[PDB]
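Chain lettering (A, B, C, D, E, F and G) follows the sequence in which the chains are written, and residue indices restart at 1 in each chain.
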Amino acid sequence: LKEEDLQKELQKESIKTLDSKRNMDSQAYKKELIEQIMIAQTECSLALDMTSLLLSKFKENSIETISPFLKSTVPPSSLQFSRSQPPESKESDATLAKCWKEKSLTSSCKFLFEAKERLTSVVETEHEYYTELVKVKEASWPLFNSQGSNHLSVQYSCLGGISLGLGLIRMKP
Amino acid sequence: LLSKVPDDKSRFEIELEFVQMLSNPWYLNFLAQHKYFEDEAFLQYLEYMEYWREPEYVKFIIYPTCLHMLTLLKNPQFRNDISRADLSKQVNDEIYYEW
Amino acid sequence: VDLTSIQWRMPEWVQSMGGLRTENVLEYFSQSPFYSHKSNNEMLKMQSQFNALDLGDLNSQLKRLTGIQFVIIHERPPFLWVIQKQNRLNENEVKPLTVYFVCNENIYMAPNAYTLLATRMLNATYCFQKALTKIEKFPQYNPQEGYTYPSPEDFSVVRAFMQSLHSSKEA
Amino acid sequence: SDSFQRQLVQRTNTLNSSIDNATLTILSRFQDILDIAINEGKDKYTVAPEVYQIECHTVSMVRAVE
Amino acid sequence: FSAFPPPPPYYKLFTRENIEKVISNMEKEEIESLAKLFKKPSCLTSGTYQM
Amino acid sequence: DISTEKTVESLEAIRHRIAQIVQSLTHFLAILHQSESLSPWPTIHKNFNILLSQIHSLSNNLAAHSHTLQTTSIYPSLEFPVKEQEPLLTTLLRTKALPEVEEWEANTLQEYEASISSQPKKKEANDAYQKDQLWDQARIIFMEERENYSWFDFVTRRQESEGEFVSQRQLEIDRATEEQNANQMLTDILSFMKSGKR
Amino acid sequence: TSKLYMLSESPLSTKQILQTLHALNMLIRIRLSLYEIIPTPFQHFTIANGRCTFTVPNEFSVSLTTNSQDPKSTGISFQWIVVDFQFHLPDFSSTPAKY
């Protein structure tokens, strides 16, 4: 911010639908991920705990499987189960399932298409770079893979002298 | 793209009531949990709710809070924190005290 | 109307009658969407009009009768009761169609193990699919640079600063 | 140390190992998408894991290609 | 355990695509007219009080 | 009571499976937290895969004991009544779908409503059956087609098999014998130089 | 929770923000003239455009040069009741840029 620039902009301003219409971090993606797996883990851990309570009524195997917080809080042999009758199936529910799978397949095939396109761009640049490297070594300049293991380096100090100097070719894109 | 099926009078009765819902903080919390704030259409509909601040229209609204609530919701970090239960209780308690 | 996800009670009713009883647990049940008015207990209630009754009579007449019946499976006086929507076509043999939960003046569905574990698995799955779908678009692959997500002199500049800072902190 | 020829054959067996491993994961992944593509049993709870699997397998295929 | 009604379906209708289609309508001056009928706020004067 | 004990062993098996997947999820969480920057795609992807294997095993168990699990029903009683005062029970045994799942379902059903706007419903179910058939046919013909090819050979396509043949192990045996006889040539010439053996 | 999550209307008057800047610079002059402690190498200062600026000769293709102006509300005049101290806010110029 500069006073002259601003006096220019503000001096320029002195010269001058009811609906209002308006149109990332690797750490941020990280947070989204850990968030999601954490909610998964809390759900599964809950199911685990409950099943463990019941079976712990009927086995040693599930005093082990129940969480220490829960087994401290509540007495074992707490839950029960009785034979009952399974619920009526919902037509909407099955039509849902089929709709889900169909959308899943279409998603997959689209993803394969775009992945093919991006990898074709990649292979294109790669082909460019390597045709230039081939051009270079056709002129009998030795080259060695660089220390970073990315790209390759030409040994310009290959005619002679004391020091050995080599430098990597990079594409300025 | 289903054809719209709205009613004229009914949707201003309804949009009034919806503004009212926005007054409630717990409704905002559920709304956030259901990730309705993920949708851009929702946010444009919020700006459509800006029509309810107009005098002839606001003359009808019952609970003033919603208006404030609406300006509060224009900050997205606020949306993710009304997903939070703690802040939700903070907001409810803040009204309760004003009340 | 999905009956299982929901949690119902009428504290107004309970206070109207007063305390939570065996028989009042079955009446409370009668007020709930869980109870069905075509029930056999409802047919009995219709047949007797403002007279005393007895509970042993209640079970013994439940078996005498054939059809859909709601009985008490387990009973705990202080807080919780257990009801089931058993159907007996004949006496002495009953097929339980649903079980039902009563707790702290509250009625609950108490659902089938398959639906609980299944829904749990479904949640977990959904989390997975969402997280993976968010991640899969992000990373970049260059074949010489590797997988990417979008100097030592400067490091020494930092060392100089942190050492300056440690100095000022000690002071 | 190993012989010179030992070095050469060591390398090629390595490059193979890696490379048939990648092709084989391409094949096997596509195969198992196919195994899962039918929606006849159609337990919606079984269909949803299936959806996850599909996504995860296609991504695994692209991984192998890379 | 506690739950409230979802907002109107036509919230779900909004897109900045259809918005851009109605500003293209404005630039020109069926579907578009239905969209603007949808976008107006037609207040009412008298006669209705219930929820 | 026989049905009861069968349900007991069944739910024991599902308990073990879910235990293992909890362990794998916690491990994933740990690897995620281990580095401040997000972890390398190869490793996280590997972990998505193991997670998949776990959940697949679980879905198989649930569908195998699906009948015995949907006949049985769970209510707490007797010994939980000491802790019965708490709403923890309601939260633990709740079978409400997650809110995201709930919406998701609603949206997909709306999509079906656009589709019924397109066409009548009775026609839909038979078409669905016909498609499932299609997929099974695609599966078996892919198995056949694949078994037909040869994979772990050097330039040995079907077409190239017709063309020529190339053997790596024969080359290797060749070079090995050549180096061994060459070494014998060495030791022989060395003993010649030291003391004539020409 | 409102005031922390509140957000102002999005228009900022650019003539306003100039006048803020003027009053801000002017207010750093106020502060500094009656700020208790200046180090003697800092004794020459320029009250810049928006900024306070401070120069001390240095190497590595630059001068040691820092710019200060501050955002703490409470103190703005209390900065003078707190002659002892102040939040100040910097902006220093060297030959590097990001770091």
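Brief remarks on what is shown
Just so it is clear, a residue touches a chain if its C-beta (ideal position, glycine included) is under 8 Å from a C-beta of that chain, and two chains touch if they have at least 3 such contacts.
In UniProt terms, the chains line up like this: B = Mediator of RNA polymerase II transcription subunit 31; C = Mediator of RNA polymerase II transcription subunit 6; F = Mediator of RNA polymerase II transcription subunit 8.
Taking the mean of each chain's C-alpha atoms, the chain closest to the overall C-alpha centroid is A.
Note on interfaces A-E and A-F: more C-beta pairs are in contact across A-F.
Mean C-alpha position of subunit D lies 49 Å from that of subunit E. Note on chain placement: the centre of subunit A and the centre of subunit D lie 19 Å apart, centres being C-alpha means. Here the CA centre of subunit B is 16 Å from the CA centre of subunit E.
Averaged C-alpha coordinates put the centre of subunit C at 58 Å from the centre of subunit G.
Looking at subunit D, one finds that residues 37, 39, 43-45, 48-49, 51-52, 55-56, 59, 66 touch two or more other chains. In subunit G, there is no position where the chain touches two or more neighbouring chains simultaneously. Multi-chain contact residues, meaning those touching two or more other chains, occur in subunit F at positions 7, 11, 14, 18, 21, 38, 44, 48, 52, 55, 59, 62, 66, 70-78, 90, 93-94, 96, 98, 100, 110, 128. On the subunit D side of its complex with subunit C, the touching residues are 43-45, 48-49, 51-52, 55-56, 59, 66. Within the complex formed with subunit A, the subunit E residues making contact are 16, 19, 22-23, 26, 39, 41. Considering their complex, residues 68, 71-72, 74-75, 77-78, 81, 87, 90-91, 94 of subunit B touch subunit G.
Listing the residues of subunit D that touch subunit F in their complex gives 5, 9, 12, 16, 20, 23-24, 27, 30-31, 34-35, 37-41, 43, 45-46, 49, 52-53, 56, 59-60, 63. Residues 1-3, 6-7, 9-10, 13 of subunit A are the ones touching subunit G in the complex.
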